[PDB]
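Peer 1: File name start12.pdb; file contents PDB, C-alpha atoms; full text below.
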```pdb
ATOM      1  CA  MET A   1    -148.424  30.091-169.853  1.00  0.00           C
ATOM      2  CA  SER A   2    -151.693  31.841-169.021  1.00  0.00           C
ATOM      3  CA  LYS A   3    -155.301  31.415-170.372  1.00  0.00           C
ATOM      4  CA  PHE A   4    -155.483  28.298-168.133  1.00  0.00           C
ATOM      5  CA  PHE A   5    -156.104  30.495-165.094  1.00  0.00           C
ATOM      6  CA  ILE A   6    -158.367  33.441-165.982  1.00  0.00           C
ATOM      7  CA  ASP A   7    -161.163  30.885-166.341  1.00  0.00           C
ATOM      8  CA  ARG A   8    -159.910  28.979-163.260  1.00  0.00           C
ATOM      9  CA  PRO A   9    -159.180  31.514-160.510  1.00  0.00           C
ATOM     10  CA  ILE A  10    -159.314  29.143-157.521  1.00  0.00           C
ATOM     11  CA  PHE A  11    -156.260  27.308-158.899  1.00  0.00           C
ATOM     12  CA  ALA A  12    -154.345  30.600-158.937  1.00  0.00           C
ATOM     13  CA  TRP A  13    -155.507  31.517-155.422  1.00  0.00           C
ATOM     14  CA  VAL A  14    -154.412  28.088-154.189  1.00  0.00           C
ATOM     15  CA  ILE A  15    -150.955  28.483-155.772  1.00  0.00           C
ATOM     16  CA  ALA A  16    -150.633  31.911-154.118  1.00  0.00           C
ATOM     17  CA  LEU A  17    -151.700  30.668-150.696  1.00  0.00           C
ATOM     18  CA  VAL A  18    -149.527  27.557-150.863  1.00  0.00           C
ATOM     19  CA  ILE A  19    -146.374  29.528-151.654  1.00  0.00           C
ATOM     20  CA  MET A  20    -147.377  31.984-148.881  1.00  0.00           C
ATOM     21  CA  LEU A  21    -147.786  29.325-146.207  1.00  0.00           C
ATOM     22  CA  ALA A  22    -144.889  27.335-147.613  1.00  0.00           C
ATOM     23  CA  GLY A  23    -142.624  30.258-146.776  1.00  0.00           C
ATOM     24  CA  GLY A  24    -144.498  31.348-143.667  1.00  0.00           C
ATOM     25  CA  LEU A  25    -143.872  28.178-141.715  1.00  0.00           C
ATOM     26  CA  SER A  26    -140.329  27.939-143.068  1.00  0.00           C
ATOM     27  CA  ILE A  27    -139.379  31.284-141.522  1.00  0.00           C
ATOM     28  CA  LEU A  28    -139.750  29.678-138.088  1.00  0.00           C
ATOM     29  CA  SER A  29    -137.127  26.973-138.725  1.00  0.00           C
ATOM     30  CA  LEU A  30    -134.035  28.862-139.899  1.00  0.00           C
ATOM     31  CA  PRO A  31    -131.795  30.993-137.669  1.00  0.00           C
ATOM     32  CA  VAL A  32    -131.384  34.759-137.671  1.00  0.00           C
ATOM     33  CA  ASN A  33    -128.108  36.626-137.201  1.00  0.00           C
ATOM     34  CA  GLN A  34    -126.549  39.960-138.065  1.00  0.00           C
ATOM     35  CA  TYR A  35    -124.072  38.811-140.708  1.00  0.00           C
ATOM     36  CA  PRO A  36    -123.054  35.600-142.490  1.00  0.00           C
ATOM     37  CA  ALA A  37    -119.656  33.879-142.303  1.00  0.00           C
ATOM     38  CA  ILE A  38    -117.733  36.838-143.687  1.00  0.00           C
ATOM     39  CA  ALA A  39    -114.520  36.139-141.772  1.00  0.00           C
ATOM     40  CA  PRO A  40    -111.943  33.775-143.277  1.00  0.00           C
ATOM     41  CA  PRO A  41    -111.378  30.437-141.537  1.00  0.00           C
ATOM     42  CA  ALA A  42    -108.452  30.401-139.139  1.00  0.00           C
ATOM     43  CA  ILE A  43    -106.821  27.760-136.947  1.00  0.00           C
ATOM     44  CA  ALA A  44    -104.732  28.763-133.939  1.00  0.00           C
ATOM     45  CA  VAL A  45    -102.249  26.627-132.054  1.00  0.00           C
ATOM     46  CA  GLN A  46    -101.348  27.765-128.568  1.00  0.00           C
ATOM     47  CA  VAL A  47     -98.903  26.751-125.839  1.00  0.00           C
ATOM     48  CA  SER A  48     -97.961  28.175-122.453  1.00  0.00           C
ATOM     49  CA  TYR A  49     -94.590  27.676-120.756  1.00  0.00           C
ATOM     50  CA  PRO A  50     -94.179  29.199-117.273  1.00  0.00           C
ATOM     51  CA  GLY A  51     -90.916  30.895-116.371  1.00  0.00           C
TER      52      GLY A  51
ATOM     53  CA  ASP B 202     -71.027   9.923-117.024  1.00  0.00           C
ATOM     54  CA  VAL B 203     -70.416  11.916-120.214  1.00  0.00           C
ATOM     55  CA  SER B 204     -74.101  11.697-121.146  1.00  0.00           C
ATOM     56  CA  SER B 205     -75.201  12.759-117.662  1.00  0.00           C
ATOM     57  CA  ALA B 206     -72.723  15.646-117.650  1.00  0.00           C
ATOM     58  CA  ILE B 207     -73.995  16.848-121.033  1.00  0.00           C
ATOM     59  CA  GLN B 208     -77.588  16.548-119.806  1.00  0.00           C
ATOM     60  CA  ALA B 209     -76.675  18.592-116.734  1.00  0.00           C
ATOM     61  CA  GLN B 210     -74.587  21.299-118.414  1.00  0.00           C
ATOM     62  CA  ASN B 211     -76.598  21.871-121.622  1.00  0.00           C
ATOM     63  CA  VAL B 212     -80.160  22.815-120.641  1.00  0.00           C
ATOM     64  CA  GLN B 213     -82.724  25.584-120.784  1.00  0.00           C
ATOM     65  CA  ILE B 214     -83.798  26.687-117.315  1.00  0.00           C
ATOM     66  CA  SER B 215     -86.928  28.726-116.600  1.00  0.00           C
ATOM     67  CA  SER B 216     -85.723  31.245-114.021  1.00  0.00           C
ATOM     68  CA  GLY B 217     -88.747  33.528-113.653  1.00  0.00           C
ATOM     69  CA  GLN B 218     -88.753  37.267-113.043  1.00  0.00           C
ATOM     70  CA  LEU B 219     -87.530  39.757-110.464  1.00  0.00           C
ATOM     71  CA  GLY B 220     -90.834  41.385-109.581  1.00  0.00           C
ATOM     72  CA  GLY B 221     -92.963  38.341-110.296  1.00  0.00           C
ATOM     73  CA  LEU B 222     -96.440  37.899-109.035  1.00  0.00           C
ATOM     74  CA  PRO B 223     -97.648  38.004-106.295  1.00  0.00           C
ATOM     75  CA  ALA B 224     -95.275  40.864-105.596  1.00  0.00           C
ATOM     76  CA  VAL B 225     -94.782  42.534-102.246  1.00  0.00           C
ATOM     77  CA  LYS B 226     -96.710  45.753-101.667  1.00  0.00           C
ATOM     78  CA  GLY B 227     -94.811  48.654-103.203  1.00  0.00           C
ATOM     79  CA  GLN B 228     -92.602  46.848-105.719  1.00  0.00           C
ATOM     80  CA  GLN B 229     -91.634  48.933-108.744  1.00  0.00           C
ATOM     81  CA  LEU B 230     -89.087  46.734-110.566  1.00  0.00           C
ATOM     82  CA  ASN B 231     -89.794  43.840-112.919  1.00  0.00           C
ATOM     83  CA  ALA B 232     -87.523  42.040-115.378  1.00  0.00           C
ATOM     84  CA  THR B 233     -87.180  38.545-116.803  1.00  0.00           C
ATOM     85  CA  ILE B 234     -84.182  36.490-115.670  1.00  0.00           C
ATOM     86  CA  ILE B 235     -82.145  34.800-118.400  1.00  0.00           C
ATOM     87  CA  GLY B 236     -80.699  31.766-116.661  1.00  0.00           C
ATOM     88  CA  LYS B 237     -78.878  28.865-118.267  1.00  0.00           C
ATOM     89  CA  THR B 238     -79.253  28.562-122.029  1.00  0.00           C
ATOM     90  CA  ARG B 239     -78.188  25.873-124.461  1.00  0.00           C
ATOM     91  CA  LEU B 240     -74.658  25.832-125.822  1.00  0.00           C
ATOM     92  CA  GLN B 241     -74.165  27.009-129.392  1.00  0.00           C
ATOM     93  CA  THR B 242     -70.609  26.485-130.665  1.00  0.00           C
ATOM     94  CA  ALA B 243     -68.354  23.463-130.345  1.00  0.00           C
ATOM     95  CA  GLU B 244     -66.011  25.379-128.038  1.00  0.00           C
ATOM     96  CA  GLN B 245     -68.807  25.776-125.501  1.00  0.00           C
ATOM     97  CA  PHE B 246     -69.348  22.022-125.739  1.00  0.00           C
ATOM     98  CA  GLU B 247     -65.709  21.082-125.297  1.00  0.00           C
ATOM     99  CA  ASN B 248     -65.416  23.003-122.004  1.00  0.00           C
ATOM    100  CA  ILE B 249     -67.984  20.785-120.275  1.00  0.00           C
ATOM    101  CA  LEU B 250     -66.706  19.770-116.842  1.00  0.00           C
ATOM    102  CA  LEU B 251     -66.777  16.013-116.346  1.00  0.00           C
TER     103      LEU B 251
END
```
Can you present the structure in this file as C-alpha cells?

Peer 2:
Amino acid sequence: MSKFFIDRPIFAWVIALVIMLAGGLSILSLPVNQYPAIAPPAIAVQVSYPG
Amino acid sequence: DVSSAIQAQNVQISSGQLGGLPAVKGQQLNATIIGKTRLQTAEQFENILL
C-alpha cells in the first residue's frame, strides 16, 4: 500500500531505477529471433539404396 | 546345395537405369530396370533349379 512513499520519495526512485536496470542488463543476455517454436516437433528417418 | 540355390535364385538385384548418370551427350531416354525380384508364391519356389 501507499502512504509509506509520498513521505519517502527516494525509496520509490530507487525501486524504479532498480527495476529499470534489472531489465536493462537482462536484455543483453537473451536471444532475439523472428518467431518462437511454432512448428510441431518432427523426427525423420532416412535411407538411401543405390540402383 | 539347396540353401545356396535358394540364396542364388531368390534375391533382389539393383539393376540401375537405362539413361543413368553420367549419360553420354545427347541421350534422351531414361527408365529404371526391374531386374530379379523375390519369389512370391510356392509355385515360383518349387521351380528352383538345383

Peer 1: Please provide the set of residues having any atom within 9 Å of residue 212 of chain B, restricted to only C-alpha atoms, with same-chain residues fewer than 3 positions apart removed, written as a ChimeraX atom specification.

Peer 2: /B:207-209,237-240

Peer 1: Check every residue of chain A for an atom within 10 Å of chain B, counting all atoms listed in the file, and provide those that qualify as a ChimeraX atom specification.

Peer 2: /A:49-51

Peer 1: So what do you get for atom CA of residue 241 of chain B versus atom CA of residue 204 of chain B, distance-wise?

Peer 2: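 Rounded to one decimal, the two atoms are 17.4 Å apart.
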